[PDB]
Ligand SMILES: *[C@@H]1O[C@H](CO)[C@@H](O)[C@H](O)[C@H]1NC(C)=O
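Residue numbers (the authors' numbering), protein chains in the order written: chain D, 1 to 441; chain E, 260 to 311.
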């Protein structure tokens, strides 16, 4: 039997319903999401990391001159400094006083840390949505499996076939461009490859951490060696990756709305409480028992013994009943006024049973279904004492949930009196208008 | 890649008021405090707490 319904996109809050198959006793169904994962499709654009400046041994030409040539090296620099007279540990290196040249060379490489300490720039496109669903029904214990939240792919969970509809909201916390560094994700419109500026995030760009074509854009400039010293001095703009790591700011992990939890393997946003999720579950035909084979419950009377509209199961109610064929009978409240903690109760030939519920209404009025029967529960609920709690609300608050009977009474008096004032004035006008007509005629 | 032991700041004192969370922070070293709403507007907060 296929049961179709819509459940909210909430994690840790179970969805409860009664599967009512004509001719069979209701089968209690409970569907709880363990996690919801939005897994977008990503394409690695390039990898950024701290650069290393490689400086080969300078060519010191004594009594002569040399010339620089271009080479296929990132940010390659070459300059010939004439008029040098370097000294070594063994004395003057060159003979001529000024007819000597030192050719300095330098180029940018990926540092050793780039294998581990680097940021991956990704293009993010709409991907897939998956969830872990925990389901129990009738006398079948909790079973779970990974499912695809697409409304098409069915999943077999404990002999039951579950189809989870697509999320009503297509919202995703990732922008078209994200930067992944370590365990953190940043929404960052990184520069296109080959466009990174010196001292900025993209100063060093590589298509992959093992590529042999590196883009480097630093103001690497060779300076003249100090008088008499064989060395290759240079100036360069400090690494824009090191700068970025200082100024990264808040990661997406700390600013994603709806409480999303960001994971990287694969990149995904977990437990985003957005919209609702249509569902369809085909319950096995063996889970249903004929009406005549289940207990008949009658003379139901529901008394609310205690109630507070707290986020926990603050309500307590006692239901008196009369029955036959003592046995288990499911309990459910079809309306959103109250969420019942217990899923089923054991009924004797006569007596009473108690159940707990959570409600946001100051004067809750809800229907309670006891298998083949139902009763209406009414009462008053006190305000909760705790200002802050460490758990989410089980119930749902409606527009009129907070309006007390006293507030309704004042609204009725307001509208009734206000309307009567205008109505009486209009009637008086109509009566005098008729009298004036009869005066003329 | 290795596993390093990072400091663990002292547990904050938490006081509760109507729709308000009051935290008394007594850090040993500059400690980052971040918060966000779980609604449609994260309204994130990020500040380094260096003294009580
Ligand atoms: C499903 O729910 C039951 C009861 O809440 C629990 O025992 C079980 O571990 C849950 N499944 C998973 C995968 O956590």
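Heads up, the beta-carbon is just placed ideally off N, CA and C, and yes, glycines get one too.
| query | result |
| --- | --- |
| Neighbouring residues (CB closer than 6 angstroms to any heavy atom of ligand 1) | D:34, D:134, D:142, D:144 |
| Segments assigned alpha helix (DSSP H), at least 4 residues, entirely inside the stretch 222 to 273 of chain D | 240 to 247, 252 to 255 |
| Inter-residue CB distance, residue 2 of chain D and residue 282 of chain D (contact presumed, cutoff 8 angstroms) | 5 angstroms |
| Option in D:104, D:91, D:375 with minimal Cα separation from residue 221 of chain D | D:104 |
| Distance, residue 269 of chain D Cα to residue 39 of chain D Cα | 7 angstroms |
| Straight-line gap, residue 86 of chain D to residue 75 of chain D (C-alpha atoms, nearest Å) | 27 angstroms |
| Segment contact flag, the stretch 45 to 65 of chain D with the stretch 138 to 149 of chain D, C-beta cutoff 8 angstroms, min 3 pairs | no |
| Residue-level contact to chain D via CB, residue 290 of chain E, 7 angstroms cutoff | no |
| Proximity winner among D:395, D:290, D:424, relative to residue 23 of chain D (alpha-carbon distances) | D:290 |
| Beta-carbon spacing of residue 271 of chain E, residue 282 of chain E below 7 angstroms | yes |
| Top-ranked residue by Cα proximity to residue 312 of chain D, from D:357, D:364, D:139, D:292 | D:357 |
| Residue 4 of chain D - partner residues in DSSP beta bridges | D:280 |
| Exposure label - residue 159 of chain D; buried when at least 16 CB within 10 Å | exposed |
| N- and C-terminal bounds of the alpha helix (DSSP H) containing residue 410 of chain D | 405 to 440 |
| Residue 388 of chain D classed as buried or exposed, judged by whether at least 16 other C-beta atoms fall within 10 angstroms | exposed |
| Beta-carbon proximity of residue 361 of chain D to residue 401 of chain D, cut-off 7 angstroms | yes |
| Residue 396 of chain D versus residue 336 of chain D: straight-line alpha-carbon distance, rounded | 7 angstroms |
| Burial state of residue 65 of chain D (16 or more Cβ within 10 Å) | exposed |
| Helix, strand or coil at residue 115 of chain D [DSSP, three-state] | helix |
| Straight-line gap, residue 71 of chain D to residue 189 of chain D (C-alpha atoms, nearest Å) | 32 angstroms |
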